[PDB]
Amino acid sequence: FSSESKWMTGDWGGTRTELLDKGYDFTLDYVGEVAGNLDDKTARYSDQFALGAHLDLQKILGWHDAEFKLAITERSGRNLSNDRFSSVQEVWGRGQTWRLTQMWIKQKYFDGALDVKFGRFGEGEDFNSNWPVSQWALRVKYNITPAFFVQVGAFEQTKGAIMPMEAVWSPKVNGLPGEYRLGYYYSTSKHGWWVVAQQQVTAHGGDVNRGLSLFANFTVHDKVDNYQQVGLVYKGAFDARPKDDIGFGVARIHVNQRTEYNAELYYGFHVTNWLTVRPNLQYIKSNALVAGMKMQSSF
């Protein structure tokens, strides 16, 4: 359990750094979660692992400029709730899930400019910023500038495919990192679109990796659904914990007619380059107050 690597389980005596050399990159990423509310009491947890193999096909197979990627995720979680003229109903539940999340070949052609990705993966993996994975899927990405690109795609659900397109601009506005996304999609009729903006507005004199950043996201799904999210995050307020962040955000979610409002405040401990612990509090309404903690370690 080192402390400055991306790697909880170290480098295995150097046979991981050697494996990376021969072109193999193994990953295990864990996301744990506790949450309860503060007459109805409720408590939930969920552990999740994401096993992943990422092979450099040029260093392995001779396949020039090609990558292969295999990913399997397991999730398990127990939950509980306790409801209270005169009625009591307590409900317990456990659950475990295994799924094949990624299996695909990627190949950069035109010396970087072109990026063809084929296999099994979801739209969530390349567009926007449980929750679907297409049996076959294709994504072509055109790197116009180093800070700007367009990409287009086709995804599973036999009588239709989902075709998304998206422009992604990553400008430096006043030498601070920002990221913009305009996106459309349609079926073959389902369709929709989305816009995303995130920007670093302050750089804590002048550590570019410390400061204020704000983001808004809007997404639309007809068949009509809305999702809206707005927020700010400061990374490294106090100089004592220069890699921690504080975040606040509000989220309107709409289905038309059923709306829900979601407000969240969170502190993010950067325990180390492989550990993060993020305790959080959130208020949800349509109405309950929720305390939670997440943690993410990468083995």
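Sequential numbering from 1, following the sequence displayed.
Asks: Quick one: classify how much of the deposited chain lacks coordinates between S286 and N287, choosing none, 1 to 3, 4 to 9, or 10 or more.
Replies: Missing in between: 4 to 9 residues.
Asks: Mean CA B-factor: is it higher for 205 to 213 or for 99 to 107?
Replies: It is 205 to 213.
Asks: Quick one: say whether 60 to 68 or 242 to 250 has the higher mean Cα B-factor in the deposited entry.
Replies: Looking at the record's C-alpha B-factors, the answer is 60 to 68.
Asks: Looking at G119, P132, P171, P146, which has the highest CA B-factor as recorded?
Replies: Each of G119, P132, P171, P146 was compared by C-alpha B-factor; the highest is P132.
Asks: Among the candidates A113, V88, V220, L182, give the one with the maximum CA B-factor reported in the record.
Replies: Among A113, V88, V220, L182, the PDB entry lists the largest C-alpha B-factor for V88.
Asks: Among the modelled residues of its chain, does the C-alpha B-factor of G77 lie in the lowest, middle or highest third?
Replies: Highest third, going by the recorded CA B-factors of the chain.
Asks: Taking the C-alpha B-factors as the PDB entry records them, is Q229 in the lowest, middle or highest third of its chain?
Replies: Ranked within chain, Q229 CA B lands in the middle tercile.
Asks: Of the three thirds of its chain by CA temperature factor, lowest, middle or highest, which one includes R258?
Replies: As the PDB entry reports it, the C-alpha B-factor of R258 lands in the highest third of its chain.
Asks: Of the three thirds of its chain by CA temperature factor, lowest, middle or highest, which one includes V277?
Replies: Middle third of the chain for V277's C-alpha B-factor.
Asks: Name the third of the chain's ranked CA B-factors that contains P177, choosing lowest, middle or highest.
Replies: Lowest third - that is where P177 ends up once the chain's C-alpha B-factors are sorted.
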